[PDB]
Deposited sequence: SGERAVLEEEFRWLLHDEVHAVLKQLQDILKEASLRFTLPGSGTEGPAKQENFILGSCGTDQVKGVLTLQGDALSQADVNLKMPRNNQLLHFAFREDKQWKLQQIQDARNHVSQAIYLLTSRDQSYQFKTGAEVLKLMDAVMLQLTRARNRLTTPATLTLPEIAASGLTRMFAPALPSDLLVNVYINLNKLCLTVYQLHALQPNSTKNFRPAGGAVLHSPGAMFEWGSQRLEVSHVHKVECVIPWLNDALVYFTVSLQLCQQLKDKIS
């Protein structure tokens, strides 16, 4: 059997192209909310958010917000390459490479489950100039190939309220009516505005992962 080395070469070529995707388009335009986000590798370098009530919020231009899903995916790809560039032996190599690839895909596919207090306390909240008002939260994450911006409008519970208060748990996206404690207040999500844009090089990366995983499984099956 010699096809093992051919497969290892094809994997190295593909994954190096995939790695190049993480290291063209940078500016992305994201109905109630209009965003202009600049994405450089794993760094959200600028975020120009306009909410229709237009309230305008922007990052301070010094600072950048890292998207952990992209950084992690990048490191998984880099490690798949390292495993390659460094019978049952072939199968163990294939399992280790496929493990890195499936982790890279999963990190892009599965954004964090956060509580509303976690969103409010995130450094992302404090990225904005001028500061967000107390009745607005901003969340940003990657959903497979999409850059996703969520803006939550909040409403405090009124005095002598008849409403039942049950604190929301964690969620990727919270629904209107979700409630949480913040400081001396109990707040309800009144509105959820979600805008998203496809990131072409992320889609390219995902396709490369799919191809690579298929090539690994093909080789495993021949042994």
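J.: Should a student be asked to find the unmodelled regions, what ranges of the deposited sequence would be the right answer here?
T.: Residues lacking C-alpha coordinates: 1-15, 39-48, 56-60, 84-88, 122-130, 268.
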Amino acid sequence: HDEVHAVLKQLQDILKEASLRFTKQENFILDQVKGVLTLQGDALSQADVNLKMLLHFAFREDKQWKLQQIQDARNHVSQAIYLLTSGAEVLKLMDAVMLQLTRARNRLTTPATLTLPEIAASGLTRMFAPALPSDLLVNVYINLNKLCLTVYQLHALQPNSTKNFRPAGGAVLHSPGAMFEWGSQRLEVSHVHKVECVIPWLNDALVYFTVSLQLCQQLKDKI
From here on, numbers count along this sequence of modelled residues.
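J.: Give the stretch, out of 13-21 and 206-214, with the larger mean C-alpha temperature factor in the deposited entry.
T.: Mean C-alpha B-factor is greater for 13-21.
J.: Test of understanding: from the entry's C-alpha B-factors, which stretch has the higher mean, 55-63 or 161-169?
T.: The recorded data point to 55-63.
J.: Which one, 147, 88, 104, 80, has the peak C-alpha temperature factor per the PDB entry?
T.: Answer, based on the entry's C-alpha B-factors: 88.
J.: Which is it among 70, 197, 47, 179: the one with the largest CA B-factor in the entry?
T.: Across 70, 197, 47, 179, the entry lists the biggest C-alpha B-factor for 47.
J.: C-alpha B factor of residue 123, ranked within the chain: lowest, middle or highest third?
T.: It falls in the middle third of the chain.
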